[PDB]
Amino acid sequence: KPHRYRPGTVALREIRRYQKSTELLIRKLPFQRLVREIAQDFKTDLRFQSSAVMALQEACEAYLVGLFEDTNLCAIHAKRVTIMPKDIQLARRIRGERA
Amino acid sequence: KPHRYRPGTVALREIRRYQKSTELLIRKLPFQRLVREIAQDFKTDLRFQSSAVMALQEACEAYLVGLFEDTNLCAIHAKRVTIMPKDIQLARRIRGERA
Amino acid sequence: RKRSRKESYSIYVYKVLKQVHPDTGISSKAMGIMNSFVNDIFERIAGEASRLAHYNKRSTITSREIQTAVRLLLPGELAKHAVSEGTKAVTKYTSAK
Amino acid sequence: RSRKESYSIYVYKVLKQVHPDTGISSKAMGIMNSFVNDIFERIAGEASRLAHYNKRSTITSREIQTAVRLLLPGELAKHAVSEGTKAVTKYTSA
Amino acid sequence: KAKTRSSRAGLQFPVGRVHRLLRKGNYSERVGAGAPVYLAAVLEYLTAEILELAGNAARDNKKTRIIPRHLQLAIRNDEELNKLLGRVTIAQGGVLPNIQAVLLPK
Amino acid sequence: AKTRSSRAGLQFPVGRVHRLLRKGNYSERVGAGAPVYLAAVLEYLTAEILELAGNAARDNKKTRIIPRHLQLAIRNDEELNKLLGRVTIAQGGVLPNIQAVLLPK
Amino acid sequence: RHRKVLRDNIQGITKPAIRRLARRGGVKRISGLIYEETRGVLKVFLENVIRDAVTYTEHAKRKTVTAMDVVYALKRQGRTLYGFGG
Amino acid sequence: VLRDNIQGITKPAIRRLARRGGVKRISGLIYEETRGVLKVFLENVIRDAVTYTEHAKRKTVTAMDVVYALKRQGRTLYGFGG
DNA sequence: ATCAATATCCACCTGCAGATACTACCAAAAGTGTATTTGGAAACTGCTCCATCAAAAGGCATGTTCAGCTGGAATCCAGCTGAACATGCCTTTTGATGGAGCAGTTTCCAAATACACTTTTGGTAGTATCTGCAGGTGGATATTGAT
DNA sequence: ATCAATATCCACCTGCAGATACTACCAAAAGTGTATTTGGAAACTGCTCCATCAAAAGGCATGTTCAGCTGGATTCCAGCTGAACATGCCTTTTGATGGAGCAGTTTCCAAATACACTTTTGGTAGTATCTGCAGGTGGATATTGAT
Ligand SMILES: [Mn+2]
Ligand SMILES: [Mn+2]
Ligand SMILES: [Mn+2]
Ligand SMILES: [Mn+2]
Ligand SMILES: [Mn+2]
Ligand SMILES: [Mn+2]
Ligand SMILES: [Mn+2]
Ligand SMILES: [Mn+2]
Ligand SMILES: [Mn+2]
Ligand SMILES: [Mn+2]
Ligand SMILES: [Mn+2]
Ligand SMILES: [Mn+2]
Ligand SMILES: [Mn+2]
Ligand SMILES: [Mn+2]
């Protein structure tokens, strides 16, 4: 009796939903901690303008979304609908990020 | 029975042979004809230094060879050993040369 | 103490906006995008003109370098329309004084 | 006529230091020339941006050094920075 | 009474400022008087082109104020602007709706 | 009269590097040490490539470095290969490399 | 005083955050190993940009990374960003 | 015979380029696909080279014209000047 | 097909963040005018090297046959991954506060540019000798593929 | 396993193209020295905004259950593409030969820089008032999935 959408229906609903909006998808405070942690390992006692953190998050999300598009094409090329580590790796190799 | 190598054996021999060498693989004069024809569509009555045509053939062969490597990775990704149009197209799309 | 002047293209972007879409506004973040865009293209054209002069042993960037830089940098139709607007502005400018 | 400057005699000088019994063909010399010109441009260009970003009108060895760090991968940068500092120290003490 | 170089060229974009930016930018030893006129005009024109398409996207979304999203739709839906800005990221621009056909249900 | 190069311990021409920085329109002013530092970096990078390329020549039983040797030296070196990742060496060819899945049996 | 030690913050890039990004990228179905793969790729990307940004900060003799430090770092890696002072 | 110039880029030559690219097996449709790709590459580079020629008020495309064009296209080439 | 559960649409609303408006103010920007300097266009010309020609010669492209083996279609199923749920943590939001450090102003000298003059050197052009290695040989042996 | 057909490799040899060593000539370039100028470090410090704290709350992460349907494995076979070989077409060679036009030199003027002075303007700041649209609600329409 309880209602269930079929597997994939909600996933497509989610694609439409996030492709329509522009808001950042990674939580703000956890992203900022990651930035501070990495920076601190390069150089202690750094401070960050808040806009510097936002510019990193905008760039990071744009990179990843763009990477997932390429990854998706690699999966589909192999006649799959499911993206795997090897799709990401082929995308990065052809991009020349690890060529 | 007369002698025959299995399909693929001679292909692998050729790979080893051309990866060993550095000579240009397109014939010079037909390449030269192609270049002058394309350039004629931008500006008529042009002349070329001989080194200009050679620089174009070096760049063009290096580009195609590099492209064939990426194309080959795309075929292998889809569990084939035969490169196809869709492999070239995927490689060029992920490189950002198109689509 | 006075915090020094930060120049931008905002009032000019805004004027051009009112020419093409008289009743359309623009947010400050969109204006930030537009300002980045103009600086970006400025530098790309100026850089290409710089190289072009240097390649030809010229010490002067004239409207001719700008024009060739525009043709190298912009795709098809944009280049055509930019070139005509550029040429028109220069001929109008010299026809005066 | 005219003169065409290149880095050929200095590349060759360095070749004899590292491999005294090794020669180099003219085509390979051309490649070395392209290499040196390319890296010159990359470093000068980055140093140029650095000075401009910081509202400075002068490119000093400090701009060349930050540029080297930005452009060269890890170990190449370390050794280049070392060689750079070494040459500026020695030049100063003379 | 003094006319601005912009008015003299028939331009909205600032010729004087563009000329000053060319000189301070160390692009060359000298800058001809036509150079910043031509450059200011090209920049103006590209600005016009983007604002035209961005205001249409705003209108298409029933908005009167252009936001970065409208700038991104305008750029990515226009083949030539997409090419010119192909390695550019527009903050808060998002992406074009686009679902690969093979992913749709049968 | 003693050259700035000899003064700095370099084979690469300091005076020329200085003149190229000025004429290049990189900035209004060039400090004295900048061409010295830059000349040193270029000499060192040149030394590193010729070292590896000479080795490549000797490994191919040759005594004269040709373009092929420069390519072998650069592509086999992780850092040089990265620095020159978007560069084409004329007459260099490619590294021997066959994907394992294409090997017989 | 000093702040608590920072560690393991890559895990703050959660599985649903990564799923959301994949959805914006048009992805319908996602293997279980994608999440750790994505974290590694993100960390490399962040490290590279932050490394260049901090290098700009230091050259300016500042102790505060600015938005322009980031913009300049993104520019030189061919990830030009509009909207933060370009 | 009256053949196009792009058709003078032969199947065996394309085969050899693929072999240097590590390719073992080739679909019959690859050859036309490659010619189209080759032509777009040449058009893109030659257009820029000729734009440098014209700017210099020359009638001769030089090696440096080609080298500058390859560089701005992100295909930097060593060995022909610059 | 019917029908039910749920998402999606759109109209309507209200709060407010953020856009707009206006005056005051001012340093820098921009323009006008005059004097002085010079980049590079223009015309002419020498000499590099590009186009074209003939003219074999053989290397290599093309067409054809035959079949090995690859790509793709079809079929099965184990279990990965998506959907839905319960639970409750920790991000978000709001606001305040100390004070790090960025940035603004002014001072001042080490190091820059600018010439003039002198010395050196890299690029050059002939001219002559030299040599690393491509390409050809033979003959050993490794590889491949048929039994 | 054997065995034959080719490919591949090693040693050696020799012609020559391209590398070397030589003298000599010379403009440009690099060094040296002096006089002048100024960029930007140092000092001081105003004032933005960054780190951090608190405190409440609900949006959203986490962890689990369940089973739909995906990916991976297997089998199969039609037909495409590799290998081999017979032709003969056209690329390659090279060597000479006009002559286009690149590039060097000289001339000289429109247009550049430099500078003094005056006017204009865009940026900031200070408050004070509109206004587009985010986000909430409710109810009608659309979509999906079971039967
Ligand atoms: Mn740490
Ligand atoms: Mn002159
Ligand atoms: Mn059969
Ligand atoms: Mn198969
Ligand atoms: Mn303090
Ligand atoms: Mn000499
Ligand atoms: Mn041999
Ligand atoms: Mn000063
Ligand atoms: Mn929980
Ligand atoms: Mn089951
Ligand atoms: Mn399936
Ligand atoms: Mn003539
Ligand atoms: Mn005003
Ligand atoms: Mn709404």
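Letters go in sequence order (proteins before strands), and every chain restarts at 1. Hydrogens, waters and symmetry mates play no part in the numbers below; they use all other heavy atoms, side chains included.
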I'd like to know if B:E14 and H:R15 make a salt bridge, using a cut-off of under 4.0 Å between side-chain N and carboxylate O.
yes
Please check the phosphate of J:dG101 (OP1 and OP2 only) for any side-chain N or O of H:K59 closer than 4.0 Å.
yes
P atoms of J:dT147 and J:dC69, separation to the nearest Å:
14 Å
With a non-hydrogen cut-off below 4.0 angstrom, is F:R64 in contact with a base, only sugar-phosphate, or nothing?
sugar-phosphate
In whole Å, what separates the P atom of J:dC60 from that of J:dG135?
12 Å
Each base of DNA chain J marked ( ) or [ ] if paired in-strand (Watson-Crick or G-U under 3.5 Å), | if paired to another strand and . if unpaired gives |||||||||||||||||..||||.|.|||||||||||||.||||||||||||||||||.|||||||||||||||||||||||||||||||||.|||||||||||||.|||||||||.||||..||||.|.|||||||||||||||||
Indicate, with a heavy-atom threshold strictly under 4.0 Å, whether G:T66 touches base, sugar-phosphate, or nothing.
nothing
Please evaluate the base of J:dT45 for a donor-acceptor partner in the side chain of C:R1 within a cut-off of under 3.5 Å?
yes
Torsion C1'-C2'-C3'-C4' of J:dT97, interpreted as north if positive, south if negative
south
Is a donor-acceptor contact shorter than 3.5 angstrom present between the side chain of A:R4 and the base of I:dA83?
yes
By nearest heavy atom, map B:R16 and C:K97 onto DNA chain I; which one lands nearer the 5' end?
C:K97
Base, sugar-phosphate, or nothing for A:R33, non-hydrogen atoms under 4.0 angstrom?
sugar-phosphate
May I ask you to say what B:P30 touches in the nucleic acid, namely base, sugar-phosphate or nothing, with a heavy-atom cut-off under 4.0 Å?
sugar-phosphate
Using whole Å, what does the distance between atom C1' of nucleotide I:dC80 and atom CZ of A:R80 come to?
14 Å
Would you indicate what B:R17 reaches in the nucleic acid, counting non-hydrogen atoms under 4.0 angstrom: base, sugar-phosphate, or nothing?
nothing
Distance check needed: I:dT121 P versus D:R3 CZ, whole Å only.
13 Å
By the 4.0 Å heavy-atom rule, please label H:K57 as base, sugar-phosphate, or nothing.
sugar-phosphate
Taking atom P of J:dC80 as reference, at what distance in whole Å does atom CD1 of H:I30 sit?
16 Å
Look at the aromatic rings of B:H77 and A:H77 and report parallel, tilted or perpendicular, splitting at 30° and 60°.
parallel
For D:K4, answer base if it contacts any base atom (sugar-phosphate contacts may also be present), sugar-phosphate if it contacts only those atoms, and nothing otherwise; contact means non-hydrogen atoms under 4.0 Å.
sugar-phosphate
Within less than 4.0 Å of OP1 or OP2 of J:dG40, is there a side-chain N or O belonging to D:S57?
yes
From J:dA61, I:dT20, I:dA41, nucleotide with atom closest to A:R27 side chain
J:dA61
Tell me what H:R3 touches on the nucleic acid: a base, only sugar-phosphate, or nothing, going by heavy atoms under 4.0 Å.
sugar-phosphate
Assign G:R20 to base, sugar-phosphate, or nothing according to its heavy-atom contacts below 4.0 angstrom with the strands shown.
sugar-phosphate
Applying a 4.0 Å non-hydrogen cut-off, can you work out what D:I9 is touching in the nucleic acid: base, sugar-phosphate, or nothing?
sugar-phosphate
Mind checking if E:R8 touches a base, just sugar-phosphate, or nothing, with heavy atoms under 4.0 Å?
sugar-phosphate
Mark yes or no: E:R17 above the aromatic ring of C:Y12, with NZ or CZ under 6.0 Å from the six-membered ring centre and no more than 45 degrees from the axis.
no
Report the distance from atom CZ of B:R36 to atom P of I:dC50, rounded to the nearest whole Å.
10 Å
Describe the nucleic acid contact of B:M84 in one word from base, sugar-phosphate, nothing, applying a heavy-atom distance below 4.0 Å.
sugar-phosphate
Round to a whole Å and report the spacing from OH of D:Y12 to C1' of I:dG123.
17 Å
Go through J:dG145, J:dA61, J:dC102 for me and flag the one nearest to the H:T60 side chain.
J:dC102
Quick one: F:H18 NE2 to I:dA112 P, roughly how many Å, whole number?
8 Å
Which value, in whole Å, describes the distance between the P atoms of nucleotides I:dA114 and J:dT113?
15 Å
List the residues meeting salt bridge (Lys or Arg N to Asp or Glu O under 4.0 Å) with F:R58, not counting sequence neighbours, and say none if there are none.
none
For I:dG71, does either OP1 or OP2 sit under 4.0 Å from a side-chain N or O belonging to B:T82?
yes
Pick base, sugar-phosphate or nothing for G:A17, based on heavy-atom distances below 4.0 Å to the nucleic acid.
nothing
May I ask you to say what A:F31 touches in the nucleic acid, namely base, sugar-phosphate or nothing, with a heavy-atom cut-off under 4.0 Å?
nothing
Hey, is the side chain of B:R6 poking within less than 4.0 Å of OP1 or OP2 on J:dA83, counting only N and O atoms?
no
Just to confirm a value in my table: I:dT137 sugar, north or south, sign of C1'-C2'-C3'-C4'.
north
From CD of A:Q32 across to P of I:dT93 the rounded distance in Å is 13 Å
P-based separation of I:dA41 from I:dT118 [nearest Å]
36 Å
Both A:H3 and B:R13 contact DNA chain J. Which one's nearest nucleotide lies toward the 5' end?
B:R13
Going through the checks in order, is the side-chain contact (heavy atoms from CB on, under 4.5 Å) test met by F:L21 and D:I59?
CA-CA 9 Å; F:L21 284 169; D:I59 289 169; 5.5 Å; no
